[PDB]
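For reference, the chains in residue letters:
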Amino acid sequence: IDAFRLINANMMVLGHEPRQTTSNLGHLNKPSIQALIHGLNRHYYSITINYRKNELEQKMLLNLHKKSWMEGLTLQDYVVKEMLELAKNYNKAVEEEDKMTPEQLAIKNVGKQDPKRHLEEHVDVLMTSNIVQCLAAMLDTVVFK
Amino acid sequence: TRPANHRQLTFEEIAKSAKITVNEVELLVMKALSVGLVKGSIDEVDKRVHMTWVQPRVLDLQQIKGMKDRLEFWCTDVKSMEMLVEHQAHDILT
Amino acid sequence: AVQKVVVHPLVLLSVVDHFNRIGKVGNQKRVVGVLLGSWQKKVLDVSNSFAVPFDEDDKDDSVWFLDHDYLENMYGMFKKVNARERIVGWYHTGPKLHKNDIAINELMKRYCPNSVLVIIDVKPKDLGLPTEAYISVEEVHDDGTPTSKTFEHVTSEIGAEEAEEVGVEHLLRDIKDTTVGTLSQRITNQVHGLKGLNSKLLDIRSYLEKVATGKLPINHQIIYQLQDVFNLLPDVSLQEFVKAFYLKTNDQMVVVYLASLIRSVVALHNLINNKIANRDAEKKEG
Amino acid sequence: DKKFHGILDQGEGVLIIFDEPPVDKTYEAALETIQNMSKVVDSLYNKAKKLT
Amino acid sequence: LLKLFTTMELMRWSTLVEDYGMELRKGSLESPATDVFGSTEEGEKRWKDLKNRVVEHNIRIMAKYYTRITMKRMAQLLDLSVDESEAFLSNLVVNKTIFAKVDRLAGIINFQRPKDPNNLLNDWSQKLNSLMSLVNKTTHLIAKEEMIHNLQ
Amino acid sequence: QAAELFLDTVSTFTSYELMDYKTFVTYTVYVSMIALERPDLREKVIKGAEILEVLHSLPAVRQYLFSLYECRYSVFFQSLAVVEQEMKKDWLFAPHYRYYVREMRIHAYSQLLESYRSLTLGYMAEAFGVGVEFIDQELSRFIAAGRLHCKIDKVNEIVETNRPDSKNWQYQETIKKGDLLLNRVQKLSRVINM
């Protein structure tokens, strides 16, 4: 979003420094990077734009935001295990190349720069994915009784 | 009338109360296969007329009242055991 | 045959500032307005709308005000900005209805193949869904009376169309994308368990109040018909799902075998390089 | 010779044919973890080396 | 004819000799009877092709109730012998149009499906057909509930 | 390593180190009757003919191998007993041939057990003779030698084949390593402390 106040050559009698409250045009001054606009420091000084405390709508955008975007009525997910089948074949099929890194840790004395750390991205996928598999295992004894 | 299990029913009440013989219970369901309200998977190594999903009744207003032992049962038991899970899964609120 | 629409909250924010109009113009409590949009499919999008200066007598509730100065020439403006975004229906607040609503639908069914009434929400505290659609229906009865026209519960949703979050997701200023398995699931547990089973308490309000004071729709045509769907599995003592327990051995089979072998792999994940980088950081400090 | 995946009998003399060999859940993950044990053993000399 | 085509209703074959046999007992057109069943070495191929209809079509309708039937009950219900049965087992297993796997170790076999050849699919079908209906529940229970709470 | 190290049989016709090549033929057969798998058996003694002719002069040996491919068991007793008579009378075996024979026999027995499940001993005593109480101490010790995964009954006479890998031990060996290993290098992980 962008906005500008056209100063003119009539007001060059006074200096072009309102300044009266500062750090608002100090933080509007914080970017000051647009190519021909930086150039157009002559004739132009921008205005400050905050966003309004919109909780009279940010409240209801929040309540429709999360009342909407997670399974709606939320009796929808409570797909489960062929995703895991495919995900378990993922989560074995990367495991041999995930375990090439301890071979890549077998430098004996020292011969290596930054460890090339592929430790993660396969911990946590199993972690939250099989949290989903075990509460997914709960959903029979949660839905039924 | 019995909601519970033993839904793999023997033909005994069928051959008794529904005035049919043993050789015709299959027709009694195969014609019902052409009906399609119940679609039972009837045993034929034990001649057991199995009960699957049905079109149950038309009105039992005494069980429109007396459905509480299933409806409120479902309500406070899935809700209460819901709070037993969430009461166990309590201080991971984080 | 309408499952869902796409809802832009832009003109819903015009329902917010017309909700700011009604608090300062006077006696008009409810925000009533007219919904623009275009039928593309069973799925639809609403990109604009407009909120009507409307009055409604409490005595003889069917007194509408949809001015055609306010309709026709504003449809010439709204047509003039875009030929696409024409009418699709209309809206009002409150959860249930309005004795005039049906007539207000028929004023604009001359304008649209299916003028939809989407009853809207200015103050969301709901247990179910947001704003929801109601299509033109003629279900009548098995009776043979004159044709019923009261517009029945035809499912909708709040759809999200396009980018538009240069504003929106900059205006989040609070929220995190959870990698589900990080409490979001128990949020859904509270909302479907709690917000589903208090709707079950609305269903004992149904199946107790209708036993108490409920007339003709006590058992019109869907109560026993969906007492069938209630008779999926309502049984008495413990419902005896004997197939489902060694079937559940086939279930928990998978989850415990994956957790067993795979979390032993996670034991390599955590344990091994935890020790290596551990004791490098420990005794290589000296 | 694996043209015939069944089991014969003499006491009743009843031949029965059935098969389900492949479980890469057991095979792939288990043997990969055996390889993981080998690579941990490959790391134990980085361990015993950083000790002494 | 058309009654035999939808679940066939395991009729007596001699009543099929009544209906299809007394077309030669017609005091009218017998040119249907002569063109179709007045043939002899093609017509008996249509009589036994209609025995192929009783074993073919009636095995097609009895397919619902298997994984549990013996052999002699199958002969009893196919309205024919046990050796006629085993011949029909042979030609309908070289037909192999539905995955037959039979036996005479004690007889309890069938023309059959692949005999539930899967793991966890029972959970999906059972708990995800049933539980995805169960997540359909409240989504239409608000519809019925709000529509009946209009006036009471 | 005996049979694998005897794989060539090409550059070793008769050197000044080889007083008999036929003794070398005995030396490769006496271990290829243990270590050699059955597709490897037909891969060697049937797909390879370069050793066949110098044991074509030893037709009882060749008979014992093709019988070993067939599992006829009386000639196993005969020619295996003859091989045992040689095994007595040949050096570099005397500290070792106690392991030989019965392992030979279980090398026959397992595929015998791979024959089918509910076996009777009389069908076996056809191939065994009086192997009734012979297989009492024989099979009961072979079960008792940690081997010969089965079950046995007297009068209902159940014989068992099983040992489905994807069962427990494939699930076991990794923590068999990673418990003494875990406490081991974990114990090494505390020498840094005190």
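Residues numbered from 1 in each chain as written, not as in the entry; some residues may be left out. Chains lettered and ligands numbered in written order. Part of a larger assembly, values for the part shown. Heavy atoms only, no water.

- cryo-EM is the method the PDB entry lists for this structure, together with a resolution of 4.7 Å.

- In the nomenclature of the PDB entry, chain E is known as 26S proteasome non-ATPase regulatory subunit 12 of Homo sapiens.

- The name the PDB entry assigns to chain D is 26S proteasome non-ATPase regulatory subunit 11, from the organism Homo sapiens.

## Focus on the overall build of chain E
Here is step 1: Scanning chain E from N- to C-terminus turns up seven helices and zero strands.
Here is step 2: The order of helices and strands in chain E, counted from the N terminus, is α-α-α-α-α-α-α.
Here is step 3: Relative to a compact globule of 152 residues, whose C-alpha radius of gyration would be 15 Å, chain E shows 24 Å and is clearly more extended.
Here is step 4: Across chain E, the fraction of contacts at a sequence separation of at least 24, relative to all contacts at a separation of at least 6, is 47%.
Here is step 5: Carbon together with sulfur atoms contributes 55% to the accessible area of chain E, which is approximately 8900 Å² in total.
Here is step 6: Here chain E carries 22 positive and 20 negative side-chain charges, and the mean point of each set is 6 Å from the other. (Helix = DSSP H or I, 4+ residues; strand = E, 2+ residues; numbered from the N terminus. Rg over C-alpha atoms; globule rule 2.2 N^0.38 Å. Contact = heavy atoms within 4.5 Å. Areas by Shrake-Rupley, 256 points an atom, 1.4 Å probe, with all protein chains shown as cover. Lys, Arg positive; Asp, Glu negative; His and termini not counted. Charge placed at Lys NZ, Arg CZ, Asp CG, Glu CD.)

## A few points about the packing of helix α7 (residues 123-143) of chain A against helix α7 (residues 243-283) of chain C
Here is step 1: Two elements in contact, α7 of chain A and α7 of chain C, have axes whose closest approach is 10 Å; the angle formed by their N-to-C orientations is 155°. If you check the angle between α7 of chain A and α7 of chain C, you find them roughly antiparallel. For the pair α7 of chain A and α7 of chain C, the sense of crossing is left-handed. Where α7 of chain A approaches α7 of chain C, its residues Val123, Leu126, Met127, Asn130, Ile131, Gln133, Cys134, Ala137 and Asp140 of chain A are matched on the opposing element by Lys248, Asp251, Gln252, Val255, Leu258, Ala259, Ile262, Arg263, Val266, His269 and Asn270 of chain C. (Axes fitted to C-alpha atoms, helices over the stretch in contact; angles between N-to-C directions. Parallel < 35°, antiparallel > 145°, perpendicular 65-115°, else oblique. Left-handed = near helix turned anticlockwise from the far one by under 90°.)

## Comments concerning the interface of chain A and chain C
Here is step 1: Contact with chain A, which involves 40 residues of that partner, is made by 45 residues of chain C.
Here is step 2: Both sides together, the interface formed by chain A and chain C hides about 4000 Å², and carbon and sulfur atoms give 69% of it.
Here is step 3: A salt bridge links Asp140 of chain A to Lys248 of chain C; the nearest nitrogen and oxygen atoms lie 3.6 Å apart.
Here is step 4: For the interface between chain A and chain C, the tally reads eleven residue pairs in polar contact.
Here is step 5: Per element, the largest residue contribution to the side of chain A that touches chain C is twelve residues, and it comes from α7 of chain A. (Buried area = accessible area lost by both parts, 1.4 Å probe. Salt bridge = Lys/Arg side-chain N within 4 Å of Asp/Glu carboxyl O. Polar contact = N/O pair within 3.5 Å; in protein donor to acceptor, adjacent residues only side chain to side chain.)

## Looking at the sheet that holds strand β6 (residues 116-117) of chain C
Residue and element names in this part refer to chain C.
Here is step 1: Reading across the sheet, the four strands line up as β4-β2-β5-β6 and stay open at both edges, with mixed pairing between neighbours. Each of the sheet's edge strands pairs with one partner strand only, and the pair in question is β4 (49-51) and β6.
Here is step 2: With five bridges connecting them, strand β2 (residues 32-36) and strand β5 (residues 87-92) associate as antiparallel partners. If you follow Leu35 over to β5, its bridge partner there is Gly89. (Pairing = 2+ DSSP bridges.)

## Here's the deal with the environment of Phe73 of chain B
Here is step 1: In this fold, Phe73 of chain B is placed in helix α4 (residues 68-88).
Here is step 2: Leaving out residues up to four positions away in the same chain, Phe73 of chain B has contacts with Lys145 of chain A, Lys68 and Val78 of chain B together with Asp235, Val236 and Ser237 of chain C.

## Looking at the pattern of salt bridges
Here is step 1: Inspection of the entire model under this criterion finds 19 salt bridges over all chains.
Here is step 2: The partner of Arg60 of chain E in a salt bridge is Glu56 of chain E, and the shortest N-O contact between them spans 3.8 Å. With a gap of four residues between them, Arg60 of chain E and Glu56 of chain E both fall in helix α3 (residues 43-62), about one helical turn apart.
Here is step 3: We classify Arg60 of chain E as partly exposed; its relative accessible area is 40%.
Here is step 4: In this structure, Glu160 of chain F and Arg117 of chain F form a salt bridge, with 3.0 Å as the shortest nitrogen-oxygen distance. (Buried < 20%, exposed > 50% of the residue type's maximum accessible area, 1.4 Å probe, protein only.)

## A look at the environment of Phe54 of chain C
Residues and elements named next belong to chain C.
Here is step 1: With respect to the helices, strands and loops of the structure, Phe54 is situated in the loop between β4 and α2 (68-81).
Here is step 2: Note: C-alpha distance between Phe54 and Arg30 (24 residues apart in sequence) is 9.1 Å.
Here is step 3: Contact partners of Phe54, with chain neighbours within four places excluded, come to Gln28, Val32, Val63, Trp64, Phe65, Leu66, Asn100 and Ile104.

## A short note on helix α2 (residues 21-32) of chain F
All names here are of chain F.
Here is step 1: Between its terminal C-alpha atoms α2 stretches 16 Å, which fits the 16 Å expected from twelve residues at 1.5 Å a residue.
Here is step 2: By the criterion of burial, α2 is predominantly enclosed, with nine of the twelve residues buried.
Here is step 3: Here α2 has its buried residues at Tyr21, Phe24, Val25, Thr26, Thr28, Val29, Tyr30, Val31 and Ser32.
Here is step 4: For α2, the side-chain oxygen to backbone nitrogen distance between the N-cap and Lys22 is 2.7 Å, and the N-cap itself is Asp20. (Expected span 1.5 Å × (residues − 1).)

## Topic: the nonpolar core
Here is step 1: Among the nonpolar cores identified, the biggest contains 36 residues, and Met33, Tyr100, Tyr109, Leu112 and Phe128 of chain F are the most heavily contacted of them.
Here is step 2: Of all elements in the fold, only α2, α3 (38-46), α4 (59-70), α5 (74-88), α6 (100-113), α7 (121-128) and α8 (134-144) of chain F reach the threshold of two or more residues within this core.
Here is step 3: Per-element accounting of this core gives the leading share, eight residues, to α6 of chain F.
Here is step 4: Within the second largest apolar cluster, 26 residues are counted, among which are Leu10, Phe88, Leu92 and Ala100 of chain E. (Core = buried A, V, L, I, M, F, W, Y, C linked by side-chain atoms within 4.5 Å.)

## Some points on the interface of chain D and chain F
Here is step 1: Chain D puts 18 residues into the contact, and the matching count from chain F is 18 residues.
Here is step 2: Among the elements that make up the side of chain D that touches chain F, the one with the highest residue count is helix α1 (residues 24-51) of chain D (eleven residues).
Here is step 3: Each residue belonging to the side of chain D that touches chain F can be placed in one class, and the counts come to eleven nonpolar, four polar and three charged. (Nonpolar A, V, L, I, M, F, W, Y, C, P; charged D, E, K, R; others polar.)

## Some words on a nonpolar patch on the surface
Here is step 1: Judged by side-chain polarity, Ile1, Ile47, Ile49 and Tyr51 of chain A together with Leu171 of chain C come together as a nonpolar surface patch covering roughly 520 Å² of accessible area.
Here is step 2: Its location among the elements puts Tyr51 of chain A in the loop between β2 (44-46) and α3 (55-68). (Patch = residues over 30% accessible without salt bridge, like charges linked within 9 Å, V, L, I, M, F, W, Y side chains within 5 Å.)

## So, the arrangement of the chains
Here is step 1: Here eleven pairs of chains are in contact, and chains A and C lead that list by number of contacts.
Here is step 2: Taking C-alpha atoms only, the smallest gap left between chain A and chain F, which are not in contact, amounts to 16 Å.

## Considerations on unusual backbone geometry
Here is step 1: With a phi angle near 65°, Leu183 of chain C is a residue other than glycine that sits in the positive phi range.
Here is step 2: With respect to the helices, strands and loops of the structure, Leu183 of chain C is situated in the loop between α4 (165-168) and α5 (184-212).
Here is step 3: Classification of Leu183 of chain C by relative accessible area gives partly exposed; the value is 27%.
Here is step 4: The phi dihedral of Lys2 of chain D falls on the positive side, at around 65°, and the residue is not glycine.
Here is step 5: Within the fold, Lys2 of chain D resides in the segment before β1 (6-7).
Here is step 6: With a relative accessible area of 65%, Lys2 of chain D lands in the exposed category.

## Observations regarding the packing of α7 of chain C against helix α6 (residues 121-134) of chain E
Packed helix pairs are characterised by how far apart their axes lie and by the angle those axes make with each other.
Here is step 1: Two elements in contact, α7 of chain C and α6 of chain E, have axes separated by 9 Å at closest approach and are oriented at 130°. Taken together, the axes of α7 of chain C and α6 of chain E lie oblique to each other. As α7 of chain C runs across α6 of chain E, the sense of the crossing is left-handed. Residues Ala244, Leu247, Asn250 and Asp251 of chain C of α7 of chain C pack against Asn122, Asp123, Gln126 and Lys127 of chain E of α6 of chain E.
Here is step 2: Its residues placed into classes, the contact of α7 of chain C with α6 of chain E shows two nonpolar, three polar and three charged.

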